[PDB]
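This document starts with one chain, in the form deposited in one PDB entry, laid out as structure tokens.
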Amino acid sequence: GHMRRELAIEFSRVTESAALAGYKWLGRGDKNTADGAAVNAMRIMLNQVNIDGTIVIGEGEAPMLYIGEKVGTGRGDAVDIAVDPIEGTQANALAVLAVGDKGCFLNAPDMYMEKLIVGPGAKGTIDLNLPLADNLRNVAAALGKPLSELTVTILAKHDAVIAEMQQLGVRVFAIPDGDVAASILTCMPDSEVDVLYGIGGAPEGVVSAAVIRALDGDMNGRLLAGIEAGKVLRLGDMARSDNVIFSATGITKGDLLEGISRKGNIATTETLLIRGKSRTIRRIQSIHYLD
């Protein structure tokens, strides 16, 4: 092992660059252009860092940031990398990067995954081998509240989820954020989310698991068609190390970060930089001088 702590700011430059590369193209509505631009910038900046990095979750295999791609000067620590150069469902757009020790992310097939996520206030209360109705009661009691005051947060993406929550007699609130941001919102200190629930891609679930572990929340996943459809994945089965760093930079304004903001010829980025080994959260605002 192991990746060093000092590599944090270096990762924050990567998402700042992706965001700055993408934001105009995304502002013109040219979504494919934004993605290419964000991706390219992410690749260039990852290559200025002294790591021996491997993309393990990313753009597919994509001509760029593909699965198994090598990035970094190739010197220093061996690390695994997950990228999401433009996450979000447009507003609530973020550039996201996660780097950790080799083997830190579970390698899951592009399969569906049922996801139950909580923050630190309800850690250790969940277990997808139990009925969702029981899980929701356990979480409510851990947060010191009646089931009637619990709200299940879901993503806008859906209608079978709302019905299941109607059948369970629980409030539901749909938020406009993507997966990673919603997971992060859930585990931030003083979060207003009680529990987060959904069905989505398994790789994206492993990425959420990595940030939730970093922030000391909790998660289970159930793969839906080591090992197969049906098995319940604990947090530590998906996020396999505490030594991960997450960097997320705002492209447009969302519930978690400000978008890139200009004042005369100065552009300011806002990045959340989460260090799982020390369990810390920073907000970094960088100055960029415009043309």
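Just count from 1 along the sequence shown to find any residue number. C-alpha atoms forming the largest set that superposes within 1.5 Å between two forms make up the rigid core.
Taking the other compared entries of this protein, do a third or more of them lack coordinates for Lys24?
Counting only entries that model residues on both sides, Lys24 is resolved in every one of them.
Checking the other compared PDB entries, only those that cover the residues flanking it, does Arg279 lack coordinates in at least one third?
Yes, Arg279 lacks coordinates in at least a third of the other compared entries.
Missing residues between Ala225 and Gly226 in the deposited sequence, please: none, 1 to 3, 4 to 9, or 10 or more.
Gap size class: 10 or more residues without coordinates, per the record.
Could you tell me how many residues of the deposited sequence sit unmodelled between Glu61 and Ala62 (none, 1 to 3, 4 to 9, 10 or more)?
The entry has a short gap there, with 1 to 3 residues left out between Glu61 and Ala62.
Please work out which of 97-105 and 170-178 has the higher mean CA B-factor as recorded in the PDB entry.
Per the PDB entry, the higher value belongs to 170-178.
Looking only at CA atoms, which has the higher mean B factor in the entry: 234-242 or 27-35?
Here the higher of the two C-alpha B-factor means belongs to 27-35.
Among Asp159, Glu149, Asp134, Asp218 - the residue whose C-alpha B-factor is largest in the record
Within the set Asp159, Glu149, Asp134, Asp218, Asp159 shows the top C-alpha B-factor.
Based on what the PDB entry reports, which of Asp80, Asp77, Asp127, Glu114 has the top C-alpha B-factor?
Among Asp80, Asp77, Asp127, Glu114, the highest C-alpha B-factor in the entry belongs to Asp77.
Position of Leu65 among the chain's modelled residues by C-alpha B-factor, lowest, middle or highest third:
Ranked within chain, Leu65 CA B lands in the highest tercile.
Where the record places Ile287 (Cα B-factor, split into thirds across the chain):
CA B-factor rank for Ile287: middle third.
Is the Cα B-factor recorded for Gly119 in the lowest, middle or highest third of its chain?
As the PDB entry reports it, the C-alpha B-factor of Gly119 lands in the lowest third of its chain.
Can you tell me whether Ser191 has a C-alpha B-factor in the lowest, middle or highest third compared with the other modelled residues of the same chain?
Highest third - that is where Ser191 ends up once the chain's C-alpha B-factors are sorted.
Lowest, middle or highest third: where is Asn138 by C-alpha B factor in its chain?
It belongs to the lowest third of the chain when residues are ordered by C-alpha B-factor.
Another form exists, deposited in another entry; not displayed. Remarks below refer to it.
Where does the C-alpha shift reach 2 Å or more between this form and the one not shown among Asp84, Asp218, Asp177, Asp80, given a fit on the rigid core?
By this measure, the answer is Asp177.
Fitting the rigid core first, would the Cα of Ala141 be found 2 Å or more away between this form and the one not shown?
After core superposition, the displacement of the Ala141 C-alpha between this form and the one not shown stays below 2 Å, so no.
Aligning on the rigid core, do we see the C-alpha of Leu168 shift 2 angstroms or more between this form and the one not shown?
Shift of 2 Å or more: yes.
Core aligned, does the CA of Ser191 move at least 2 Å between this form and the one not shown?
Yes: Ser191 shifts by at least 2 Å between this form and the one not shown.
CA-CA separation of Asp190 and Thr252, closer or farther in that other deposited form than in the form shown [shift of 3 angstroms or more]
Nearer in that other deposited form, by 3 Å or more.
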